[PDB]
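Architecture and fold: a report
Here is what each chain is made of, one letter per residue.
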Amino acid sequence: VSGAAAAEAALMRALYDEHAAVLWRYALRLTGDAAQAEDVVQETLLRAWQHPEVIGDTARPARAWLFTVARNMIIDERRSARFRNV
Amino acid sequence: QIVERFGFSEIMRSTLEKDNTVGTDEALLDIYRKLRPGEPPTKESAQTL
RNA sequence: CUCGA
DNA sequence: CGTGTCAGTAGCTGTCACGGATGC
DNA sequence: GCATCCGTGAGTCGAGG
């Protein structure tokens, strides 16, 4: 029903309130730019929404999967486009 | 014990009186939410930092 | 960064 | 491309006079 | 109705880094 589609929105807002602020700090140390850490958080939680396997098991720490996705995003930024211009 | 240590001054009696929250596990979370905002406040996540 | 009037 | 046990800034206040919108 | 706090301003020119 319509409440089933709204339960998915209340599930994303739940993992926002438990992992977003901690994930922002982690990306903030790896980049040093706060505006870049916000971009990594939005992209990391967007991939969490696109992967129901990570949001399925609550008995398994989804926080660790987030730190790994954010880490891989940051090293990819650290390649060619940043290399010359930055 | 706070009144025992800072009792000789009236400016500290007015501090513990005008205080908002009381409790060892209460002011510890009060510090947590002002220091690291946006995070769930656990009695041991503030005891750690 | 440092110096000149 | 896939990602999955703790996994969490540096830096910093050693400026100040002054006016008026902002706020308990 | 007023204490708080925010935002504004703070010499000119020149040399080499």
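Numbering of residues starts from 1 on every chain and follows the order in which that chain's sequence is written, so it may differ from the entry's own numbering; residues lacking coordinates are left out. To label them, take the chains in the order written and letter them from A, then take the ligands in the order written and number them from 1. The assembly from which these chains come is larger than what is shown, and the figures reported cover only the shown chains. With hydrogens and water excluded, all non-hydrogen atoms of the structure serve as input to the side-chain values.

Looking at the entry header, you'll see X-ray crystallography listed as the method and 3.300 Å as the resolution.

1. Considering the side chain of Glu39 of chain B
Strands here are runs of E lasting at least two residues and helices are runs of H or I lasting at least four, both read from the DSSP assignment and numbered beginning at the N terminus. Topologically, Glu39 of chain B is positioned in the loop between α3 (24–35) and α4 (43–48). For the exposure calls, accessible area comes from a 1.4 Å probe over protein chains only, and a residue counts as buried if that area is under 20% of its type's maximum, exposed if over 50%, partly exposed in between. None of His or the chain ends enter the tally, which takes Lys and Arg as positive and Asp and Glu as negative. A carboxyl oxygen of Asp or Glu within 4 Å of a side-chain nitrogen of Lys or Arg is what we treat as a salt bridge. Among buried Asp, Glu, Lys and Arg side chains, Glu39 of chain B stands out as unpaired, with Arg25 of chain A the closest opposite charge at 4.6 Å. Think of a polar contact as two N or O atoms within 3.5 Å of one another; within protein, one of them needs to be a possible hydrogen donor and the other a possible acceptor, and neighboring residues in sequence only count if both atoms come from side chains. A distance of 3.1 Å separates the side chain of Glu39 of chain B from the side chain of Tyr32 of chain B, its partner in a polar contact. If sequence neighbours within four positions are ignored, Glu39 of chain B has contacts with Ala21 and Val22 of chain A together with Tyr32 of chain B. Only heavy atoms enter the contact rule, under which two residues are in contact if any of them lie within 4.5 Å.

2. Points about a negative patch on the surface
Residue and element names in this part refer to chain A. Only residues above 30% relative accessible area that lack a salt bridge enter a patch, with like-charged residues linked at up to 9 Å and the nonpolar side chains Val, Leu, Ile, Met, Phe, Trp and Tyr linked at up to 5 Å. For every accessible area listed, the method is Shrake-Rupley and the probe measures 1.4 Å; residues are considered covered only by the protein chains on display. The atom standing in for a charge is NZ when the residue is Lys, CZ when it is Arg, CG when it is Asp and CD when it is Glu. Negative charge collects at one region of the surface, where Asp33, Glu38, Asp39, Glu43, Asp76 and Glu77 lie side by side. Mapped by element, the contributors of at least two residues to the negative patch are α2 (34–49) and α4 (62–77). Counting residues per element, the negative patch draws most heavily on α2, which supplies three residues. Of note, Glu38 is situated in helix α2.

3. Overview of the packing of helix α1 (residues 2–31) of chain A against α4 of chain A
Residues and elements named next belong to chain A. Only the stretch in contact is used when fitting a helix axis, every axis being a line fitted to C-alpha atoms; angles between N-to-C directions are given from 0 to 180 degrees. With their axes 10 Å apart at the nearest point, α1 and α4 run at an angle of 35° to one another. The two elements α1 and α4 cross, and the hand of that crossing is right-handed. Here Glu18, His19, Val22, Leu23, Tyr26, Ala27, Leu30 and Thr31 of α1 come into contact with α4, specifically with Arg63, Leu66, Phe67, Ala70, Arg71 and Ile74. Considered class by class, the residues forming the contact of α1 with α4 number nine nonpolar, two polar and three charged. The crossing is said to be left-handed when, going from far helix to near helix, the turn is anticlockwise and less than a right angle, and right-handed when the turn is clockwise. Just so you know the grouping, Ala, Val, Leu, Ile, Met, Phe, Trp, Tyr, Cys and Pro go in nonpolar, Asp, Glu, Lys and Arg go in charged, and all remaining residues, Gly too, go in polar.

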